[PDB]
$ cat final_1.pdb   # PDB, C-alpha atoms
ATOM      1  CA  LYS A   1      37.884  55.664 143.744  1.00  0.00           C
ATOM      2  CA  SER A   2      41.680  55.671 143.948  1.00  0.00           C
ATOM      3  CA  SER A   3      42.754  58.078 146.688  1.00  0.00           C
ATOM      4  CA  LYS A   4      46.484  57.392 146.949  1.00  0.00           C
ATOM      5  CA  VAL A   5      49.216  59.914 146.164  1.00  0.00           C
ATOM      6  CA  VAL A   6      52.939  59.432 145.584  1.00  0.00           C
ATOM      7  CA  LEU A   7      55.182  62.467 146.041  1.00  0.00           C
ATOM      8  CA  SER A   8      58.330  61.866 144.006  1.00  0.00           C
ATOM      9  CA  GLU A   9      61.214  63.816 142.480  1.00  0.00           C
ATOM     10  CA  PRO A  10      62.621  61.883 139.529  1.00  0.00           C
ATOM     11  CA  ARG A  11      65.968  62.666 137.903  1.00  0.00           C
ATOM     12  CA  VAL A  12      66.509  59.946 135.312  1.00  0.00           C
ATOM     13  CA  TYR A  13      64.613  57.653 132.945  1.00  0.00           C
ATOM     14  CA  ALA A  14      64.881  54.707 135.334  1.00  0.00           C
ATOM     15  CA  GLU A  15      63.100  56.695 138.042  1.00  0.00           C
ATOM     16  CA  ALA A  16      60.434  57.810 135.576  1.00  0.00           C
ATOM     17  CA  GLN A  17      59.767  54.119 134.951  1.00  0.00           C
ATOM     18  CA  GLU A  18      58.994  53.663 138.645  1.00  0.00           C
ATOM     19  CA  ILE A  19      56.416  56.441 138.355  1.00  0.00           C
ATOM     20  CA  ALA A  20      54.876  54.664 135.369  1.00  0.00           C
ATOM     21  CA  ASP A  21      54.615  51.491 137.447  1.00  0.00           C
ATOM     22  CA  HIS A  22      52.804  53.467 140.139  1.00  0.00           C
ATOM     23  CA  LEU A  23      50.472  54.801 137.450  1.00  0.00           C
ATOM     24  CA  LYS A  24      49.920  51.265 136.169  1.00  0.00           C
ATOM     25  CA  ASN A  25      48.632  50.442 139.651  1.00  0.00           C
ATOM     26  CA  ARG A  26      46.149  53.289 139.249  1.00  0.00           C
ATOM     27  CA  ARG A  27      47.853  55.586 141.747  1.00  0.00           C
ATOM     28  CA  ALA A  28      48.262  59.354 141.576  1.00  0.00           C
ATOM     29  CA  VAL A  29      51.810  60.708 141.380  1.00  0.00           C
ATOM     30  CA  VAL A  30      53.214  64.211 141.788  1.00  0.00           C
ATOM     31  CA  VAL A  31      56.216  64.739 139.526  1.00  0.00           C
ATOM     32  CA  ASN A  32      58.610  67.455 140.688  1.00  0.00           C
ATOM     33  CA  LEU A  33      61.136  68.368 138.000  1.00  0.00           C
ATOM     34  CA  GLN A  34      62.369  71.613 139.523  1.00  0.00           C
ATOM     35  CA  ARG A  35      65.857  70.641 140.652  1.00  0.00           C
ATOM     36  CA  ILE A  36      66.989  68.686 137.595  1.00  0.00           C
ATOM     37  CA  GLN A  37      68.327  69.395 134.107  1.00  0.00           C
ATOM     38  CA  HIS A  38      65.854  70.744 131.553  1.00  0.00           C
ATOM     39  CA  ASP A  39      66.677  67.861 129.213  1.00  0.00           C
ATOM     40  CA  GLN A  40      65.982  65.395 132.020  1.00  0.00           C
ATOM     41  CA  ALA A  41      62.662  67.056 132.838  1.00  0.00           C
ATOM     42  CA  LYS A  42      61.481  66.941 129.226  1.00  0.00           C
ATOM     43  CA  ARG A  43      62.387  63.281 128.736  1.00  0.00           C
ATOM     44  CA  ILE A  44      60.530  62.352 131.921  1.00  0.00           C
ATOM     45  CA  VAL A  45      57.389  64.265 130.958  1.00  0.00           C
ATOM     46  CA  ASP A  46      57.349  62.849 127.429  1.00  0.00           C
ATOM     47  CA  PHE A  47      57.718  59.317 128.787  1.00  0.00           C
ATOM     48  CA  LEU A  48      55.053  59.754 131.463  1.00  0.00           C
ATOM     49  CA  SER A  49      52.738  61.473 128.984  1.00  0.00           C
ATOM     50  CA  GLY A  50      52.701  58.268 126.942  1.00  0.00           C
ATOM     51  CA  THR A  51      52.039  56.241 130.088  1.00  0.00           C
ATOM     52  CA  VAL A  52      49.090  58.235 131.416  1.00  0.00           C
ATOM     53  CA  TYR A  53      47.446  58.185 127.988  1.00  0.00           C
ATOM     54  CA  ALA A  54      47.983  54.442 127.584  1.00  0.00           C
ATOM     55  CA  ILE A  55      46.083  53.816 130.816  1.00  0.00           C
ATOM     56  CA  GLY A  56      43.325  56.277 129.932  1.00  0.00           C
ATOM     57  CA  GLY A  57      44.710  58.832 132.382  1.00  0.00           C
ATOM     58  CA  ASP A  58      46.205  62.291 131.877  1.00  0.00           C
ATOM     59  CA  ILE A  59      49.116  64.569 132.751  1.00  0.00           C
ATOM     60  CA  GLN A  60      48.658  68.205 133.758  1.00  0.00           C
ATOM     61  CA  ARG A  61      50.808  71.051 135.068  1.00  0.00           C
ATOM     62  CA  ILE A  62      50.208  71.974 138.706  1.00  0.00           C
ATOM     63  CA  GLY A  63      53.192  74.290 139.130  1.00  0.00           C
ATOM     64  CA  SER A  64      56.504  75.493 137.701  1.00  0.00           C
ATOM     65  CA  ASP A  65      58.069  72.362 136.215  1.00  0.00           C
ATOM     66  CA  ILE A  66      55.752  70.170 138.272  1.00  0.00           C
ATOM     67  CA  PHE A  67      53.222  67.782 136.738  1.00  0.00           C
ATOM     68  CA  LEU A  68      50.401  65.665 138.149  1.00  0.00           C
ATOM     69  CA  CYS A  69      49.852  62.184 136.718  1.00  0.00           C
ATOM     70  CA  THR A  70      46.604  60.344 137.436  1.00  0.00           C
ATOM     71  CA  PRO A  71      44.436  57.557 136.053  1.00  0.00           C
ATOM     72  CA  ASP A  72      40.841  58.118 134.952  1.00  0.00           C
ATOM     73  CA  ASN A  73      39.837  57.060 138.463  1.00  0.00           C
ATOM     74  CA  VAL A  74      40.801  60.511 139.735  1.00  0.00           C
ATOM     75  CA  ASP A  75      38.551  63.493 139.026  1.00  0.00           C
ATOM     76  CA  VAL A  76      41.238  66.128 138.487  1.00  0.00           C
ATOM     77  CA  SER A  77      39.901  69.654 138.003  1.00  0.00           C
ATOM     78  CA  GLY A  78      41.112  73.254 138.043  1.00  0.00           C
ATOM     79  CA  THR A  79      44.195  74.622 136.290  1.00  0.00           C
ATOM     80  CA  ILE A  80      47.613  76.091 137.070  1.00  0.00           C
TER      81      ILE A  80
ATOM     82  CA  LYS B   1      37.972  56.779 148.813  1.00  0.00           C
ATOM     83  CA  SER B   2      37.950  60.426 147.739  1.00  0.00           C
ATOM     84  CA  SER B   3      39.661  60.716 144.357  1.00  0.00           C
ATOM     85  CA  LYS B   4      38.952  64.327 143.399  1.00  0.00           C
ATOM     86  CA  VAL B   5      41.599  67.014 142.944  1.00  0.00           C
ATOM     87  CA  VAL B   6      41.283  70.794 142.740  1.00  0.00           C
ATOM     88  CA  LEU B   7      44.141  72.697 141.107  1.00  0.00           C
ATOM     89  CA  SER B   8      44.042  76.250 142.439  1.00  0.00           C
ATOM     90  CA  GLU B   9      46.306  79.285 142.779  1.00  0.00           C
ATOM     91  CA  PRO B  10      45.115  81.428 145.680  1.00  0.00           C
ATOM     92  CA  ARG B  11      46.269  85.002 146.269  1.00  0.00           C
ATOM     93  CA  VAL B  12      44.226  86.268 149.206  1.00  0.00           C
ATOM     94  CA  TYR B  13      42.534  85.088 152.400  1.00  0.00           C
ATOM     95  CA  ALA B  14      39.117  84.983 150.737  1.00  0.00           C
ATOM     96  CA  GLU B  15      40.415  82.529 148.140  1.00  0.00           C
ATOM     97  CA  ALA B  16      42.058  80.423 150.842  1.00  0.00           C
ATOM     98  CA  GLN B  17      38.609  80.128 152.415  1.00  0.00           C
ATOM     99  CA  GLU B  18      37.306  78.575 149.200  1.00  0.00           C
ATOM    100  CA  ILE B  19      40.064  75.971 149.449  1.00  0.00           C
ATOM    101  CA  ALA B  20      39.019  75.245 153.031  1.00  0.00           C
ATOM    102  CA  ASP B  21      35.450  74.709 151.835  1.00  0.00           C
ATOM    103  CA  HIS B  22      36.740  72.230 149.263  1.00  0.00           C
ATOM    104  CA  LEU B  23      38.650  70.486 152.050  1.00  0.00           C
ATOM    105  CA  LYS B  24      35.503  70.442 154.182  1.00  0.00           C
ATOM    106  CA  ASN B  25      33.891  68.456 151.369  1.00  0.00           C
ATOM    107  CA  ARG B  26      36.741  65.965 151.687  1.00  0.00           C
ATOM    108  CA  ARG B  27      38.406  66.930 148.412  1.00  0.00           C
ATOM    109  CA  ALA B  28      42.113  67.147 147.634  1.00  0.00           C
ATOM    110  CA  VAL B  29      43.492  70.564 146.695  1.00  0.00           C
ATOM    111  CA  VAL B  30      46.812  71.634 145.198  1.00  0.00           C
ATOM    112  CA  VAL B  31      47.864  75.031 146.526  1.00  0.00           C
ATOM    113  CA  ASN B  32      50.248  76.942 144.263  1.00  0.00           C
ATOM    114  CA  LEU B  33      51.771  79.949 146.018  1.00  0.00           C
ATOM    115  CA  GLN B  34      54.581  80.618 143.563  1.00  0.00           C
ATOM    116  CA  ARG B  35      53.390  83.815 141.904  1.00  0.00           C
ATOM    117  CA  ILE B  36      52.202  85.715 144.975  1.00  0.00           C
ATOM    118  CA  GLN B  37      53.705  87.757 147.808  1.00  0.00           C
ATOM    119  CA  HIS B  38      55.598  85.846 150.496  1.00  0.00           C
ATOM    120  CA  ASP B  39      53.339  87.339 153.166  1.00  0.00           C
ATOM    121  CA  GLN B  40      50.286  86.176 151.223  1.00  0.00           C
ATOM    122  CA  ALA B  41      51.697  82.667 150.846  1.00  0.00           C
ATOM    123  CA  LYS B  42      52.416  82.334 154.564  1.00  0.00           C
ATOM    124  CA  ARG B  43      48.973  83.539 155.638  1.00  0.00           C
ATOM    125  CA  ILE B  44      47.324  81.071 153.261  1.00  0.00           C
ATOM    126  CA  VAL B  45      49.393  78.121 154.472  1.00  0.00           C
ATOM    127  CA  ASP B  46      48.831  78.956 158.139  1.00  0.00           C
ATOM    128  CA  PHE B  47      45.083  79.215 157.559  1.00  0.00           C
ATOM    129  CA  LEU B  48      44.876  75.997 155.546  1.00  0.00           C
ATOM    130  CA  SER B  49      47.112  74.201 158.043  1.00  0.00           C
ATOM    131  CA  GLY B  50      44.466  74.809 160.703  1.00  0.00           C
ATOM    132  CA  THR B  51      41.762  73.578 158.333  1.00  0.00           C
ATOM    133  CA  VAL B  52      43.381  70.295 157.312  1.00  0.00           C
ATOM    134  CA  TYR B  53      44.118  69.468 160.948  1.00  0.00           C
ATOM    135  CA  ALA B  54      40.573  70.298 162.046  1.00  0.00           C
ATOM    136  CA  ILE B  55      39.206  67.762 159.566  1.00  0.00           C
ATOM    137  CA  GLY B  56      41.792  65.133 160.491  1.00  0.00           C
ATOM    138  CA  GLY B  57      43.717  65.783 157.277  1.00  0.00           C
ATOM    139  CA  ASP B  58      47.206  67.150 156.634  1.00  0.00           C
ATOM    140  CA  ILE B  59      49.234  69.653 154.622  1.00  0.00           C
ATOM    141  CA  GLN B  60      52.536  68.771 152.959  1.00  0.00           C
ATOM    142  CA  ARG B  61      55.010  70.404 150.583  1.00  0.00           C
ATOM    143  CA  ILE B  62      55.064  68.950 147.072  1.00  0.00           C
ATOM    144  CA  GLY B  63      57.233  71.623 145.460  1.00  0.00           C
ATOM    145  CA  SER B  64      58.749  75.096 145.776  1.00  0.00           C
ATOM    146  CA  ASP B  65      56.055  77.133 147.522  1.00  0.00           C
ATOM    147  CA  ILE B  66      53.435  74.545 146.603  1.00  0.00           C
ATOM    148  CA  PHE B  67      51.455  72.567 149.176  1.00  0.00           C
ATOM    149  CA  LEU B  68      49.056  69.629 148.969  1.00  0.00           C
ATOM    150  CA  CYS B  69      45.998  69.619 151.230  1.00  0.00           C
ATOM    151  CA  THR B  70      44.027  66.405 151.715  1.00  0.00           C
ATOM    152  CA  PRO B  71      41.625  64.767 154.151  1.00  0.00           C
ATOM    153  CA  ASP B  72      42.409  61.484 155.900  1.00  0.00           C
ATOM    154  CA  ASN B  73      40.563  59.782 153.046  1.00  0.00           C
ATOM    155  CA  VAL B  74      43.630  60.234 150.845  1.00  0.00           C
ATOM    156  CA  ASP B  75      46.684  58.031 151.370  1.00  0.00           C
ATOM    157  CA  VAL B  76      49.385  60.613 150.666  1.00  0.00           C
ATOM    158  CA  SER B  77      52.921  59.215 150.643  1.00  0.00           C
ATOM    159  CA  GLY B  78      56.419  60.176 149.518  1.00  0.00           C
ATOM    160  CA  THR B  79      58.171  63.489 150.157  1.00  0.00           C
ATOM    161  CA  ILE B  80      59.435  66.554 148.298  1.00  0.00           C
TER     162      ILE B  80
END

$ encode --input "final_1.pdb" --output "structure tokens"
Amino acid sequence: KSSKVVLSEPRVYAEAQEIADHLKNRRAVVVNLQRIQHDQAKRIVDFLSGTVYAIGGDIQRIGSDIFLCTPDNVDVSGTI
Amino acid sequence: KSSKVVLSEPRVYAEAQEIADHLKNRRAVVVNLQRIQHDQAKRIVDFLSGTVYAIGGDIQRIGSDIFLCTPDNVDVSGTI
């Protein structure tokens, strides 16, 4: 179905909101939280976690402090 | 088009080949090379780089020592 990926590196809540908007449009987003403050990373994940669930999607770890956010239109499998 | 993702963490050439086979089937794969030897990571990337190009796809960085490999059926955008 939806085969579009956004590669983003958010720092703040406002930028996390943009990711949510991308998710609302049923896109896949890669969320790199490696180069930001721990507190910032957590707040972003918690926010996005609510989003992906609201739209029937999910959020999974794909690397060290990196998460993948997709709708239910993406068959995400495997584990890291 | 193709909205299927494989989350894998290869260590050796043989496992990189599996990823290539997934790419041959026009799937998206996330390639985490964070917890392996530098030499191993390089060999995997070089191999997969050939694969993604052969099938008209691409390979891009999405995080520290993590690459995303997709066919041309996936509209990958952004940068990390």

$ resolve_selection --input "final_1.pdb" --expression "the ChimeraX specification (/B :<12) & /A" --output "PyMOL selection string"
chain A and resi 1-10+19+22+26-35+60-80

$ write_last_selection --input "final_1.pdb" --atoms "C-alpha atoms" --output "short mmCIF file (atom, residue, chain, number, x, y, z; two decimals), in the coordinates of the input"
data_model
loop_
_atom_site.label_atom_id
_atom_site.label_comp_id
_atom_site.auth_asym_id
_atom_site.auth_seq_id
_atom_site.Cartn_x
_atom_site.Cartn_y
_atom_site.Cartn_z
CA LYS A 1 37.88 55.66 143.74
CA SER A 2 41.68 55.67 143.95
CA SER A 3 42.75 58.08 146.69
CA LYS A 4 46.48 57.39 146.95
CA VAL A 5 49.22 59.91 146.16
CA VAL A 6 52.94 59.43 145.58
CA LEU A 7 55.18 62.47 146.04
CA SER A 8 58.33 61.87 144.01
CA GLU A 9 61.21 63.82 142.48
CA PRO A 10 62.62 61.88 139.53
CA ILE A 19 56.42 56.44 138.35
CA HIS A 22 52.80 53.47 140.14
CA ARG A 26 46.15 53.29 139.25
CA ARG A 27 47.85 55.59 141.75
CA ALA A 28 48.26 59.35 141.58
CA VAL A 29 51.81 60.71 141.38
CA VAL A 30 53.21 64.21 141.79
CA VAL A 31 56.22 64.74 139.53
CA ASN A 32 58.61 67.46 140.69
CA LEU A 33 61.14 68.37 138.00
CA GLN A 34 62.37 71.61 139.52
CA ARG A 35 65.86 70.64 140.65
CA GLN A 60 48.66 68.20 133.76
CA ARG A 61 50.81 71.05 135.07
CA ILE A 62 50.21 71.97 138.71
CA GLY A 63 53.19 74.29 139.13
CA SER A 64 56.50 75.49 137.70
CA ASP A 65 58.07 72.36 136.22
CA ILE A 66 55.75 70.17 138.27
CA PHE A 67 53.22 67.78 136.74
CA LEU A 68 50.40 65.67 138.15
CA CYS A 69 49.85 62.18 136.72
CA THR A 70 46.60 60.34 137.44
CA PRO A 71 44.44 57.56 136.05
CA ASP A 72 40.84 58.12 134.95
CA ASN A 73 39.84 57.06 138.46
CA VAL A 74 40.80 60.51 139.74
CA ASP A 75 38.55 63.49 139.03
CA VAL A 76 41.24 66.13 138.49
CA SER A 77 39.90 69.65 138.00
CA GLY A 78 41.11 73.25 138.04
CA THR A 79 44.20 74.62 136.29
CA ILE A 80 47.61 76.09 137.07
#

$ atom_distance --input "final_1.pdb" --atom1 "CA of residue 12 in chain A" --atom2 "CA of residue 56 in chain A"
24.1 Å

$ resolve_selection --input "final_1.pdb" --expression "the PyMOL selection byres ((chain A and resi 43) around 12)" --output "list in words"
residues 10, 11, 12, 13, 14, 15, 16, 17, 33, 36, 37, 38, 39, 40, 41, 42, 44, 45, 46, 47, 48, 49 and 50 of chain A

$ atom_distance --input "final_1.pdb" --atom1 "CA of residue 52 in chain A" --atom2 "CA of residue 25 in chain A"
11.3 Å

$ atom_distance --input "final_1.pdb" --atom1 "CA of residue 21 in chain B" --atom2 "CA of residue 54 in chain B"
12.2 Å

$ axis_aligned_box --input "final_1.pdb" --around "range 5-14 of chain B" --padding-each-side "6 Å" --output "lines of an AutoDock Vina configuration file"
center_x = 42.7
center_y = 76.6
center_z = 146.8
size_x = 19.2
size_y = 31.3
size_z = 23.3
